[PDB]
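Structure, as structure tokens:
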Amino acid sequence: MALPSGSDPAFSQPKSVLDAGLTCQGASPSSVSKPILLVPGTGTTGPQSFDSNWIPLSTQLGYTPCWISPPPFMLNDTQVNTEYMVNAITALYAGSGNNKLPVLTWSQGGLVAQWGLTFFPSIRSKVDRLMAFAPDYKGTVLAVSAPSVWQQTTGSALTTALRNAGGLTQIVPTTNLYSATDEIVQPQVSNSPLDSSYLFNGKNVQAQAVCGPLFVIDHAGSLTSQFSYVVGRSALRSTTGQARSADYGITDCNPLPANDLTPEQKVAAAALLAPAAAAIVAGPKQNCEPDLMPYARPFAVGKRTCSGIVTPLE
Numbered sequence: 029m030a031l032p033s034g035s036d037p038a039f040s041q042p043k044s045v046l047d048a049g050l051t052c053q054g055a056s057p058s059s060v061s062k063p064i065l066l067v068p069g070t071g072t073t074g075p076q077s078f079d080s081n082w083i084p085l086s087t088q089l090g091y092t093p094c095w096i097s098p099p100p101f102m103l104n105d106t107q108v109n110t111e112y113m114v115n116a117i118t119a120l121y122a123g124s125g126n127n128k129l130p131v132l133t134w135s136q137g138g139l140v141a142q143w144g145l146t147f148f149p150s151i152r153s154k155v156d157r158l159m160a161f162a163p164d165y166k167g168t169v170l171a172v173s174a175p176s177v178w179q180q181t182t183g184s185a186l187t188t189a190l191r192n193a194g195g196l197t198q199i200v201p202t203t204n205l206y207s208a209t210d211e212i213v214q215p216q217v218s219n220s221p222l223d224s225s226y227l228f229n230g231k232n233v234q235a236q237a238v239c240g241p242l243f244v245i246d247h248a249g250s251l252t253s254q255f256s257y258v259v260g261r262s263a264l265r266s267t268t269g270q271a272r273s274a275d276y277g278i279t280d281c282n283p284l285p286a287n288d289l290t291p292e293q294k295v296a297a298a299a300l301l302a303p304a305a306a307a308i309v310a311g312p313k314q315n316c317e318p319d320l321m322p323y324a325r326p327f328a329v330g331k332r333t334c335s336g337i338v339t340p341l342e
């Protein structure tokens, strides 16, 4: 149960700017059948995260894939990245005739989704389910860095605020698929609430818990693998809004890119991380964590951000 209530916080960005960050495949968000919102990882645009995987895969499952691309490559303040997602849900809910829609994410995208659900009450009734691949709700433990990299560092003011506002418990029916061998997000090894991808009451699927302790998929493989596809398909189709254990097993433990992808898509899916690392190298960097927006500050009093130590808010 998330703590924030009442009106949504204001957006810092103009609506036209937020709208500009949203695209659907062969459709307008104003008029779309069975949309799915895809939220990308750090260092990528929507197409860079999903062209080689969930865009074609969700299409083949009968959805219209839509995505956001917060600039620059999800490297700015995670709070701003979230504005794009919240606006997108508002748009896609209305544009599909006031019908709930699923949200599917990679990496930071899951944190963004959960942040949005925690602090923007209006979208809680508009998101049908969340399917998060390698999310980093507790950040990661792995001299200037990107704004959103600060925020995704374990111990950050942002992850502190998410936790203290109730965001480590699922808000909509949620499936989290992740890997103990994740080379970007740790800790992920315990198959328990210690894991960064874990949400209380969520369907938390550590790949090694199903496939065995020596099964290996990395941060990108968590999104792209055939195993990941089978879990994702289950979560999307399920009447409970969560993946079901009966829908997948040891025979689905294929670590290679999803079977239904074209050879070209498979190659691109395998190389998913490279453009992200390049964007991070070349992107904005600073020596402090971005300030929390007013709505989040009450939940991280005592933490230090760029402007200083967060104090109680009247």
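Residue numbering for the sequence shown is 29 to 342, as defined by this note's numbering. Ideal placement from N, C-alpha and C gives every residue a C-beta, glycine not left out.
Per DSSP, the bridge partner or partners of residue 52: BP columns for residue 52 point to 55, 94.
Beta-carbon proximity list for residue 307, same chain, < 8 angstroms, skipping 5 on both sides: Closer than 8 angstroms at Cβ, skipping near neighbours: 71, 72, 100, 101, 103.
C-beta contact flag for residue 303 and residue 294 at 7 angstroms: No.
Buried/exposed call for residue 267, threshold 16 Cβ in 10 Å: The C-beta of residue 267 has fewer than 16 other C-beta atoms within 10 Å across all chains shown, which makes the residue exposed.
The segment 111-119 / the segment 127-145 touching (three or more Cβ pairs under 8 angstroms): Contact between the segment 111-119 and the segment 127-145 is present, because at least three Cβ pairs lie under 8 angstroms.
Residues near residue 118 in its chain [Cβ-Cβ closer than 8 angstroms; skip 5 each side]: The residues are 150, 151, 154.
Alpha-carbon to alpha-carbon, residue 60 and residue 264: For residue 264 and residue 60, the distance between alpha carbons rounds to 18 angstroms.
Rounded C-alpha distance that separates residue 93 from residue 201: Taking the straight line from one Cα to the other gives about 20 angstroms.
Start and end residues, alpha helix (DSSP H) containing residue 115: Counting along the chain, the alpha helix (DSSP H) containing residue 115 begins and ends at 106-123.
Assigned secondary structure, residue 157 (DSSP; H/G/I helix, E/B strand, else coil): In the three-state scheme derived from DSSP, where H, G and I count as helix and E and B as strand, residue 157 is classed as strand.
N- and C-terminal bounds of the beta strand (DSSP E) containing residue 234: Looking at the DSSP string, the run of the beta strand (DSSP E) that includes residue 234 is 231-234.
Residue 180 (DSSP reduced to helix, strand or coil): Correct three-state label for residue 180: coil.
Helix, strand or coil at residue 74 according to DSSP, with G and I counted as helix: Here residue 74 sits in helix by DSSP.
Beta carbon proximity, residue 44 to chain D, threshold 7 angstroms: You won't find chain D in this structure, because it holds only one protein chain.
Close-in-space but distant-in-sequence residues of the same chain around residue 83 (CB under 6 angstroms, 5 per side omitted): Excluding residues up to 5 positions away in sequence, 93 lie with their Cβ nearer than 6 angstroms to the Cβ of residue 83 in the same chain.
Residue 273 vs residue 235 beta-carbon contact at 7 angstroms: Contact flag unset, no.
Neighbourhood of residue 107 by C-beta distance below 6 angstroms, restricted to the same chain and skipping five residues each side: For residue 107, same chain residues with a beta-carbon under 6 angstroms away, outside a window of 5 residues either side, are 321 in chain order.
Contact set for residue 311: own chain, Cβ-Cβ below 6 angstroms, skip 5 residues either direction: Within the same chain, residue 311 has close Cβ partners 100, 103, 174.
Closest residue to residue 381 among 340, 89, 55, 167 (Cα-Cα distance): The chain is shown only over 29 to 342; residue 381 falls outside these bounds and no answer can be derived.
Euclidean distance between Cα positions of residue 30 and residue 319: Going by the C-alpha atoms only, they are around 21 angstroms apart.
C-alpha gap between residue 215 and residue 239, whole angstroms: So the alpha carbons of these two residues sit roughly 19 angstroms apart.
C-beta contact flag for residue 253 and residue 291 at 7 angstroms: No, the pair does not count as a contact, with Cβ atoms beyond the cut-off.
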